[PDB]
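# Examining the three-dimensional arrangement
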Amino acid sequence: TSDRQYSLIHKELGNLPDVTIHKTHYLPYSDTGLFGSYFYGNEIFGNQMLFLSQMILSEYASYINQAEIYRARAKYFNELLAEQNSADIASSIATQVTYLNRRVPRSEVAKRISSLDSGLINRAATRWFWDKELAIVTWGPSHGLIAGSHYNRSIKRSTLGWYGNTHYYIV
Amino acid sequence: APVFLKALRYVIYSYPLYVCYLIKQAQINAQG
Amino acid sequence: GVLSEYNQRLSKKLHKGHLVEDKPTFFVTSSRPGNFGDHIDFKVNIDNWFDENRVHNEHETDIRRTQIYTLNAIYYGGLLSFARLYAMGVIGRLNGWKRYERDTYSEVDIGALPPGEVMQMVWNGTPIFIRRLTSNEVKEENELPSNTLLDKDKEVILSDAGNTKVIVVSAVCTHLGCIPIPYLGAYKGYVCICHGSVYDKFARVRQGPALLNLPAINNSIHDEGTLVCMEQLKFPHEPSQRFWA
Amino acid sequence: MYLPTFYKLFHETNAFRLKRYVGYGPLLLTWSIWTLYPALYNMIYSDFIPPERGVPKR
Amino acid sequence: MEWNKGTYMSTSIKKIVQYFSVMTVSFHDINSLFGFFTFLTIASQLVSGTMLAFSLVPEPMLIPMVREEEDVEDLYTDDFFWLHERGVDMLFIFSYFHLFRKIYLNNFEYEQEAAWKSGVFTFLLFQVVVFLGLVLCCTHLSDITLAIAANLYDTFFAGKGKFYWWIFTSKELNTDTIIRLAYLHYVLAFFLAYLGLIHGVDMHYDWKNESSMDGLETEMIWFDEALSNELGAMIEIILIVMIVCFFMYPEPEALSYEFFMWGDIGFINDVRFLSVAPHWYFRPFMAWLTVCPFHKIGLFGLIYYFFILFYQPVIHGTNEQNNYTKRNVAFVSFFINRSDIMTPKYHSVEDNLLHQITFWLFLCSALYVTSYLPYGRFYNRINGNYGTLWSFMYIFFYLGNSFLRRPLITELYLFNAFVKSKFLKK
Amino acid sequence: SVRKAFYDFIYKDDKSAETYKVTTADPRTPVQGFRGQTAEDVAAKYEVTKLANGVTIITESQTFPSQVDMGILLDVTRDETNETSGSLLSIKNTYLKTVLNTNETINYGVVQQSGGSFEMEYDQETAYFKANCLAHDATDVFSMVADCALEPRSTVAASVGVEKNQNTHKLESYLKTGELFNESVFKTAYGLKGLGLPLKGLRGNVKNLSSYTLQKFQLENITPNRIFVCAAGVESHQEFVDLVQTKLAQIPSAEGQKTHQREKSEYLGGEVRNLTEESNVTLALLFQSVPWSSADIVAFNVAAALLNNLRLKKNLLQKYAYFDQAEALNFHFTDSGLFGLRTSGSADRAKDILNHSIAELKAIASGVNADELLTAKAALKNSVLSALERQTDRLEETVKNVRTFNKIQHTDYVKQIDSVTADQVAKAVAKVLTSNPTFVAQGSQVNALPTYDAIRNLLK
Ligand SMILES: CCCCCCCCCCCCCCCCCC(=O)OC[C@H](COP(=O)([O-])OCC(O)COP(=O)([O-])OC[C@@H](COC(=O)CCCCCCCCCCCCCCCCC)OC(=O)CCCCCCCCCCCCCCCCC)OC(=O)CCCCCCCCCCCCCCCCC
Ligand SMILES: CCCCCCCCCCCCCCCCCC(=O)OC[C@H](COP(=O)([O-])OCC(O)COP(=O)([O-])OC[C@@H](COC(=O)CCCCCCCCCCCCCCCCC)OC(=O)CCCCCCCCCCCCCCCCC)OC(=O)CCCCCCCCCCCCCCCCC
Ligand SMILES: CCCCCCCCCCCCCCCCCC(=O)OC[C@H](COP(=O)([O-])OCC[N+](C)(C)C)OC(=O)CCCCCCCCCCCCCCCCC
Ligand SMILES: CCCCCCCCCCCCCCCCCC(=O)OC[C@H](COP(=O)([O-])OCC[N+](C)(C)C)OC(=O)CCCCCCCCCCCCCCCCC
Ligand SMILES: CCCCCCCCCCCCCCCCCC(=O)OC[C@H](COP(=O)([O-])OCC[N+](C)(C)C)OC(=O)CCCCCCCCCCCCCCCCC
Ligand SMILES: CCCCCCCCCCCCCCCCCC(=O)OC[C@H](COP(=O)([O-])OCC[N+](C)(C)C)OC(=O)CCCCCCCCCCCCCCCCC
Ligand SMILES: CCCCCCCCCCCCCCCCCC(=O)OC[C@H](COP(=O)([O-])OCC[N+](C)(C)C)OC(=O)CCCCCCCCCCCCCCCCC
Ligand SMILES: COC1=C(OC)C(=O)C(C/C=C(\C)CC/C=C(\C)CC/C=C(/C)CC/C=C(\C)CC/C=C(/C)CC/C=C(\C)CC/C=C(\C)CCC=C(C)C)=C(C)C1=O
Ligand code: HEM
Ligand code: HEM
Ligand code: FES
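Residues numbered from 1 in each chain as written, not as in the entry; some residues may be left out. Chains lettered and ligands numbered in written order. Part of a larger assembly, values for the part shown. Heavy atoms only, no water. Residues with missing side-chain atoms left out of burial classes, pairs and counts.

Under perfect tetrahedral coordination by four donors, a metal shows angles of 109.5 degrees; under perfect octahedral coordination by six donors, it shows angles of 90 or 180 degrees. Residue and element names in this part refer to chain E. On the protein side, the iron atom of ligand 10 has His98 (NE2) and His199 (NE2) as donor atoms, found 2.1 to 2.6 Å from it. Considering all 6 donor atoms around the iron atom of ligand 10, the spread of angles at the metal, 66 to 180 degrees, places the coordination shape in the irregular class. Taken as a pair, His98 in helix α4 (residues 77-104) and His199 in helix α7 (residues 175-203) lie far apart in primary sequence, 101 residues in all. The class for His98 is partly exposed, based on a relative accessible area of 21%. (Donors = N, O, S within 2.8 Å, 3.2 Å for Na, K, Ca; no water. Tetrahedral: all angles 85-135°; square planar, octahedral: opposite > 155°, others 65-115°. Helix = DSSP H or I, 4+ residues; strand = E, 2+ residues; numbered from the N terminus. Buried < 20%, exposed > 50% of the residue type's maximum accessible area, 1.4 Å probe, protein only.)

Okay, here's the thing in structure tokens:
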């Protein structure tokens, strides 16, 4: 069962048979950045993929379990240790030098991200995710999404954890 | 095995006897 | 201010009161899917409100979000105030209202009562005991064992007039309401006979199944025992004002 | 590795949700105090603060 | 019951909550919100009537004294009684405005059937409850209303074998009659809520604020975006009603219609039959009875009005044949040389002018019918108001006859213009 | 502490907290007080040992502190009979399901929380359960890798596997993936036996994949003499040897009992011509190549690198538009091999798709230019070394090298590629062409193609 795991987003996605792909993108730039989720799945679950990633992040603004923190920490450690191909490591070094004028060592990143705690995570989430604005795009069959296809009350209240999750759980 | 669950079981068994003890004492007092 | 904004909005060029485009306008998303092609000649849009309806505050958008939330809060607060008035009406209908307290003032003369006597009077349609205690009787009552007493909260109120303290208590048994024995040789107090409840000369509960003392009667003594004002204790009841003016 | 039992995860999640919902207890208390204030006044000065005994001479 | 295929919606708490949390409402105006006002007035009527029931003892000889004494000793009771009366008034106003609005938009199409009839039935039930409520006042107005209702009930049975006794015991208000009618009033008033919920679920299938088909696909989320507007429009209409009542009704007045409610059953035996008048909402029916002195014809008129009001979609609808139904025409057959006529198609609302003229004639006739009491003391000895007769007959003709609705003239003229233009341009 | 509890009850940052300073330190400069150690890479040492039973252990020594990789390779689809065809697919679809020591949910949670990964991949004549994780989580992870790789299938596992195999078959049929086409190719090449069994298994036998059949398959095939355990990034060989011994020592030696053995595979020159009414026609022409033992395998790889990178694109895809896609297939097996082309193009010109394709292959037999050979060798070196640079793939190929050649040869792949010459490639391809062709065609007009004898004559 999807519940018997330490990932809330995967718990939600397991119950959706037709939602096939999900990936989280963090794109930082010199002045701004974009952090979000891309879903690819059947249009019958359009209102779920639309309102899913918004909810989970907003939930972290109030409460995040230690299991999720440690899962993310271990995943980050493995990702840091797994960059072994010359091309990818060279590209990352060049990008880091370009945007920071410095090569960030593995140890420093590990120290920085390990220090994160439940309280720090909640505070960062409320700084960046709680009750914040959104950029939404829906490409494909919009027969069921055409109604409410504007920035109505549901869209603005979707960035509140457990508040405005009404539309996700229906269907 | 947990302390509080074991205590809960003990009080469940004992509380009826405690109420019986209180009833007996009330009878003794009412006797005079 | 408001006048400045009205002046600014006065000189606006619009078609019969509507701010609409005077020429056809076509907008194409540069990053549309490759299969969409060119925009068709159909004029989907008559208004450019997507751009005109803009306060260019992309910086500090949260301030406008908070302002919208505040306006919503004011509207909801008005609606909730009306709903609260309705709820007050409903609950006040269910919970009665004591508009005024009916008169219960009375006077009974106790001076005629010989010392060390108990008399029954009819007050508020209920029996009441009026008794006079001598100094020797009071002293005998004091120093007695406190084990028999079964009321730590209850107390005793003794009047001071007529050279002998006068006591007025409710003549109703706490057990079930039967009339207790007026006088007993062992203790010239009260001892119910229907079930054997035993009280003392102060009406306290001594060695008796009844768990409460005889209720006290609110009274104030004046004219040296000739004028015993007796009015039922008054409890608050609100709202008390029946007319605004 | 951190492998907590799902019992504990459920308990902690429900504890957080209970904490969140308890915050509205004061809200409803204030709503029911502003409303029905005469009832609260009668309760306070009839049970917790009983009236004085004596009666006026008149 | 194989004939019954099923229900449009299963009114379960889970599904109702989901449906109302996912509901979407298209942009609208105040004219298309009378239904919400009616429902909200129904809810307030339920609450206020529940509050009143705990005060009203169903014995006729105690209701007046109980009402008078419990207004003083208990706070908010008279407030709830006033709220109940004004809620009945506003409920009638909103219901009739809703009926007129839905008649205006030509909602007699087949797709509106489930929406239409479910509503009318509710309206019909809403009538009965009101009647029962009147009886609970135990005034001379209640006495007259009960007597008229009992006579109408006994009309069907030709005055044989006291078939009315199970409700209108002796045709008089007594302990048994009052108790039975009060309990039935409460139960049917609460049943009205479920009927309204069913009607509201049904009508959303094809809901339109205007006849013209706007191409908008985006819609408002009901819970707050539409609900806030509905509440605000209710507030605006209530303000307007307050202003109109404040100015039209001076604080002290002479010769009001409430003066017939002075007499209390039991206390006063003699009845001042010179001034007999019901509330304005039942005024049109008493006026019809006075205008039509024949008992059977008056009862038939009432029944016909209500039932033809129920069966609008069938007489005036497409009928599933896609306008290939053939009417029966008295005189147009000679002009066209055809026994029957195909139903006309182009019967838009905003554009055509005949529809608006006929609809507003009907609405003004209804208003005139409710405008006053015919005063039957000499309304027939004196040649009666011709306006009342004209309005009643136009009400009967408009509801039922399809020559005043979906007229053939528009279709024939449009086809003539089409033929001429096509011939000129080939 | 109390202060942290207070600052978490109200969601307000604690400025003085050291963790807050570390997390909010500016990315441009290092966090104050922390400065990690520096170390240099070291040459990799490979060590191989054998237990008292037949299990083998292979370790690649640490080259630089990184996540430890572990794996188990079983020589056990060629070892599937019609009774138990598709068992390996069911094992793959439920590789995390164990019930003896740890549960499916619990071992999945181990994978998730360790932060690493655990995968199962099977080919013909080989299955491989690989995993990568942090050192301090290695032990537990290995307990999962061994059990999942050695525990007999349970009834619940087989029940889930049947459903998952049915779903996989439906998906493969719906997508018309090249895997199904290769399954048909192998069926016609070897004849529904040995290497001829479909990789995903027969669809008619899916319902028969009960726990009993899977257990029979495992008992017949999984034996200690055919089990290789591998580690990469381990500081000490003996530590991992002890870690393995604590788990796989229980397995009894299979010596003294009649082994299943693998029947020598025979090559059949069949042909298949399926009418599918597809707007595109897919053809595949293959011949018998050399096994792993022969030294020509590298040459064959170069030949593939001569087609999939340089020739097949220019000669077919660029010049002709109806060629949807062409590629060169090169499979090696312990006792046989396959080499040839698979093309796909417009049905209406199916014949034109065939002839030209053959010519391209025949061109290789004619000869190879020096520049083309150098380009192909450079591309092959780039691909192979890109694969080897990643530790997991390097470990997998190390296991396969040990199990095939009994030594480690991936350390001198570059020298082998350099040693190849154009003459060797030309001679190898010419020799391969003489073998009986295996021809498969699926399309709308495959009914009109040159006869098998004509195909051979053109190839001649
Ligand atoms: C104790 C409380 C403390 C807290 C603060 C209290 C005060 C708060 C005041 C807030 C503002 C109230 C009035 C504006 C409401 C709208 C707000 C808004 O949208 O602003 C944001 C925004 C302005 O942006 P902003 O600059 O950031 O905001 C500035 C603030 O709003 C501020 O703007 P402003 O400062 O410029 O406001 C000036 C205004 C407010 O200043 C005050 O607050 C002072 C008020 C004093 C009232 C005293 C009354 C008597 C009682 C006291 C007596 C004793 C003292 C006597 C002293 C004598 C000394 C000699 O003073 C006036 O009275 C002058 C207004 C112009 C004269 C209009 C005369 C009435 C015309 C009505 C026509 C209605 C027609 C309807 C039907 C049409 C169809 C037939 O508004 C717009 O952009 C709207 C523009 C488009 C609409 C224009 C419509 C114009 C015509 C209608 C006007 C309706 C209002 C009339 C008010 C009259 C006085 C009550
Ligand atoms: C002997 C003692 C016995 C016990 C006695 C005590 C009984 C306690 C009952 C407790 C009931 C719990 C109900 C839970 C849900 C409540 C709403 C919620 O989620 O709150 C979060 C919410 C968080 O705040 P927020 O972020 O601003 O969100 C506001 C929105 O509500 C946030 O909403 P949204 O926009 O996110 O979406 C709203 C809605 C989307 O919109 C909808 O779909 C609305 C619903 C549509 C269908 C129904 C239509 C009618 C509307 C509902 C009825 C309203 C009138 C009720 C009148 C009752 C009688 C007077 O979506 C949903 O939430 C879907 C579910 C809706 C609730 C129904 C399902 C759960 C509860 C019931 C489950 C069991 C079945 C029922 C039967 C059980 C029988 C045992 O909390 C509040 O805002 C609470 C404010 C409270 C203070 C203001 C009002 C005070 C009253 C003023 C008048 C004067 C009296 C003063 C008070 C005196 C002391 C009481
Ligand atoms: C659409 C609604 C009405 C139209 C206007 C829109 C109103 C909503 C907008 C927001 C308004 C928020 C502020 C309102 C403050 C009002 C205060 C007030 O007058 O009450 C003080 C008083 C406070 O009383 P008090 O506590 O000072 O003293 C009570 C004791 N006596 C009577 C002796 C003074 O409110 C009440 O106590 C009234 C309770 C009534 C309960 C039952 C309902 C009766 C009907 C009331 C409304 C009548 C008007 C018409 C209603 C039409 C719709 C039903
Ligand atoms: C059924 C679901 C709810 C329906 C809501 C509609 C109203 C229902 C009212 C009846 C049920 C009440 C149950 C609780 C019983 C206590 C009631 C009470 O306030 O005590 C009166 C009692 C009696 O009031 P009293 O003492 O002034 O009057 C009785 C005595 N005489 C007649 C002489 C004046 O007052 C108290 O002692 C209360 C003091 C505390 C006040 C805070 C109470 C909080 C808990 C109840 C909140 C209820 C909110 C309802 C809002 C509904 C909105 C639509
Ligand atoms: C004796 C009482 C009998 C009369 C009935 C009294 C009903 C009173 C209802 C009003 C007060 C409700 C207060 C709690 C509200 C909790 C809301 C909630 O969802 O919980 C938050 C969270 C859950 O968050 P959630 O967001 O998942 O909420 C949805 C919850 N479900 C799925 C159940 C609908 O739960 C908690 O962790 C707190 C639960 C509090 C309630 C626990 C009840 C059982 C234990 C205490 C009582 C035990 C004795 C019972 C009597 C037995 C007598 C022999
Ligand atoms: C005698 C009267 C005494 C009255 C004293 C009143 C003093 C009040 C002083 C308040 C100071 C400010 C406090 C802020 C707390 C903020 C907590 C917080 O972060 O909340 C978020 C959480 C929920 O968070 P959330 O999930 O909603 O959103 C978090 C927001 N982001 C994501 C942006 C971070 O809520 C709570 O913590 C609520 C629970 C704590 C408060 C509970 C109080 C219960 C009291 C019940 C009434 C008792 C009355 C007395 C009874 C006596 C009986 C004999
Ligand atoms: C079988 C037949 C059965 C009967 C079925 C017939 C159909 C019934 C349909 C009923 C529809 C009811 C809709 C009601 C909607 C309105 C509700 C409402 O407002 O409340 C009722 C209102 C309020 O009634 P009220 O009784 O409270 O007060 C009116 C008092 N009387 C009756 C004395 C006038 O009823 C009306 O009176 C409405 C009509 C009033 C029209 C007045 C307009 C001004 C006239 C000016 C005259 C000319 C002066 C200047 C001359 C010189 C210049 C030209
Ligand atoms: C043809 O003749 C007929 C009729 O007349 C013509 C009819 O009317 C009818 C139908 C009518 C009837 C049978 C009569 C029915 C009458 C009705 C429904 C009228 C009443 C309507 C209402 C809405 C009443 C509402 C009442 C209230 C809100 C009162 C609230 C009171 C209380 C006590 C609520 C709190 C208590 C509870 C919920 C009980 C729970 C338990 C406790 C509190 C325990 C307390 C004790 C301890 C120890 C803890 C028929 C069928 C008919 O055939
Ligand atoms: C839509 C719902 C309702 C409608 C339309 C309605 C209608 C009426 C009407 C017209 C009256 C007479 C008013 C007058 O003559 O001035 C009345 C009185 C009355 N109604 Fe209702 N009613 C409804 C709901 C209820 C409910 C639910 C109850 C009880 C639970 C109730 C109880 C009473 C009582 C007790 C009276 C008489 C009060 C008195 O005479 O003092 N009503 N009703
Ligand atoms: C107490 C009586 C009634 C209640 C509570 C009620 C309730 C409602 C509500 C809330 C709506 C949605 C809002 C709106 O359309 O304005 C509605 C719509 C509607 N009502 Fe009613 N109504 C009542 C009486 C009637 C009557 C008398 C009719 C017709 C004779 C009717 C026919 C309709 C129709 C057809 C619609 C849908 C309109 C459309 O599709 O555009 N209803 N009703
Ligand atoms: S009646 Fe007084 S003790 Fe039983």
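Residues and elements named next belong to chain F. Most of strand β5 (residues 126-133) sits inside the fold, with 8 of its 8 residues counted as buried. Where burial is concerned, the two faces of β5 agree: the one with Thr126, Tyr128, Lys130 and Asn132 and the one with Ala127, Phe129, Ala131 and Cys133 are both buried. Pairing geometry for strand β3 (residues 68-74) and β5, over 7 bridges, is antiparallel. Bridging from a neighbouring strand, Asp69 pairs with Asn132 of β5. Of the strand pairs in this sheet, strand β4 (residues 117-123) and β5 are connected by 7 bridges, and their pairing is antiparallel. Of the residues in β5, the one forming a bridge with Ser117 is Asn132. Between the antiparallel neighbours β4 and β5 lie 2 residues, among them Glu125 with a positive phi of about 75 degrees. (Pairing = 2+ DSSP bridges.)

Residue and element names in this part refer to chain E. Binding of the iron atom of ligand 9 to the protein goes through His84 (NE2) and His185 (NE2), at separations of 2.1 to 2.6 Å. Angles of 82 to 175 degrees at the metal separate the 6 donor atoms of the iron atom of ligand 9, which places the site in the octahedral class. Pair noted here: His84 is in helix α4 and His185 is in helix α7, with a separation of 101 residues, a long-range link.

The interface is formed by 34 residues belonging to chain A together with 38 residues belonging to chain F. Interface area, chain A with chain F, both sides summed: about 3000 Å², of which 51% is carbon and sulfur. On the chain A side of the interface with chain F, the three residues burying the most area are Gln84, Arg112 and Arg123 of chain A, jointly 22% of the side's total. At the surface where chain A touches chain F, the tally comes to 2 salt bridges. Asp13 of chain F is the salt-bridge partner of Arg127 of chain A, the closest N and O atoms lying 2.8 Å from each other. In this assembly, chain A and chain F are joined by 16 residue pairs in polar contact. (Contact = heavy atoms within 4.5 Å. Buried area = accessible area lost by both parts, 1.4 Å probe. Salt bridge = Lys/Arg side-chain N within 4 Å of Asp/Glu carboxyl O. Polar contact = N/O pair within 3.5 Å; in protein donor to acceptor, adjacent residues only side chain to side chain.)

Below, the discussion takes up the UniProt feature "transmembrane region" (unreviewed entry) in chain D. Mapped onto this structure's residue numbering, the UniProt feature "transmembrane region" (unreviewed entry) falls at residues 21-40 of chain D. Helix makes up 85% of residues 21-40 of chain D and strand 0%. Its end C-alpha atoms lie 24 Å apart. (UniProt positions renumbered as here; feature names shortened; annotations may be inferred.)

Our focus in this paragraph is the sheet that holds strand β7 (residues 271-275) of chain F. What holds strands together in a sheet is hydrogen bonding between their backbones, with the strands either parallel or antiparallel. Residue and element names in this part refer to chain F. Spatially, the 5 strands line up as an open sheet ordered β7-β11-β8-β10-β9, and their pairing is mixed. Edge positions in the sheet fall to β7 and β9 (323-332), since each of these pairs with one other strand and no more. Each strand axis lies, on average, 10 degrees off the axis of its neighbour in the sheet, ignoring direction. Where β7 meets strand β11 (residues 438-443), 5 bridges bridge the pair, whose relative direction is parallel. Pairing of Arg273 across the sheet is with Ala441, part of β11. (Axes fitted to C-alpha atoms, helices over the stretch in contact; angles between N-to-C directions.)

All right, on to the site of ligand 9 then. Residues and elements named next belong to chain E. If you check the shell around ligand 9, you find 25 residues, and the closest are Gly49, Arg67, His84, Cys137 and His185. At 3.1 Å from an oxygen atom of ligand 9 is found a side-chain nitrogen or oxygen belonging to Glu85. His185 places a side-chain nitrogen or oxygen 2.8 Å from a nitrogen atom of ligand 9. Taken together, the elements giving at least two residues each to the shell around ligand 9 come down to α2 (34-53), α4, α5 (113-135) and α7. (Near = heavy atom within 4 Å.)

Contacts between the two partners involve 6 residues from chain C and, on the opposite side, 7 residues from chain A. Between chain C and chain A the total buried area reaches about 590 Å² when both faces are included, carbon and sulfur atoms providing 42% of it. A per-residue breakdown of the area chain C buries against chain A is headed by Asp62, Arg65 and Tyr69 of chain C, which together make up 71% of the total. Between the two partners, chain C and chain A, sit 2 salt bridges. For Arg65 of chain C, the salt bridge goes to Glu133 of chain A, with nearest N and O atoms at 3.3 Å. Counting across the interface, chain C meets chain A through 4 residue pairs in polar contact. Of the residues that constitute the side of chain C that touches chain A, the class distribution is 2 nonpolar, 2 polar and 2 charged. (Nonpolar A, V, L, I, M, F, W, Y, C, P; charged D, E, K, R; others polar.)

Right, let's get into a nonpolar patch on the surface. Together, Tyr75, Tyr76 and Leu80 of chain C, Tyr24, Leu27, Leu28, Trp31 and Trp34 of chain D together with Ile235, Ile238, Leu239 and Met242 of chain E give the surface a local cluster of nonpolar side chains, amounting to about 1100 Å² of exposed area. Only α3 (61-94) of chain C, α2 (24-34) of chain D together with α8 (222-248) of chain E provide two or more residues apiece to the nonpolar patch. The leading source of residues in the nonpolar patch is α2 of chain D, at 5 residues. With respect to the secondary-structure elements, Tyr75 of chain C resides in helix α3. Since its relative accessible area comes to 31%, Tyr75 of chain C is described here as partly exposed. (Patch = residues over 30% accessible without salt bridge, like charges linked within 9 Å, V, L, I, M, F, W, Y side chains within 5 Å. Areas by Shrake-Rupley, 256 points an atom, 1.4 Å probe, with all protein chains shown as cover.)

Let us look at unusual backbone geometry. Residues and elements named next belong to chain C. Between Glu238 and the following residue, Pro239, the backbone shows a cis peptide bond with an omega angle of 0 degrees. Along the polypeptide, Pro239 turns up in the segment after β6 (227-230). Here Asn163, not a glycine, exhibits a phi torsion of approximately 70 degrees, which is positive. Tracing the sequence through the fold places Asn163 in the loop between α4 (135-141) and β4 (165-170). Here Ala203, not a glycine, exhibits a phi torsion of approximately 75 degrees, which is positive.

A word on the nonpolar core. The biggest cluster of nonpolar side chains holds 68 residues, and the ones touching the most others in it are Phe168 and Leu399 of chain E. Broken down by element, the residue count for this core peaks at 12 residues, all from α5 of chain E. Apart from residues no more than four positions distant in its own chain, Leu399 of chain E is found in contact with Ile103, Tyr304, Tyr305, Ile308, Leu309, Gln312, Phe362 and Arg405 of chain E. By size, the runner-up hydrophobic cluster in this structure holds 50 residues, among which are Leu283, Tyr322, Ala328 and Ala350 of chain F. (Core = buried A, V, L, I, M, F, W, Y, C linked by side-chain atoms within 4.5 Å.)

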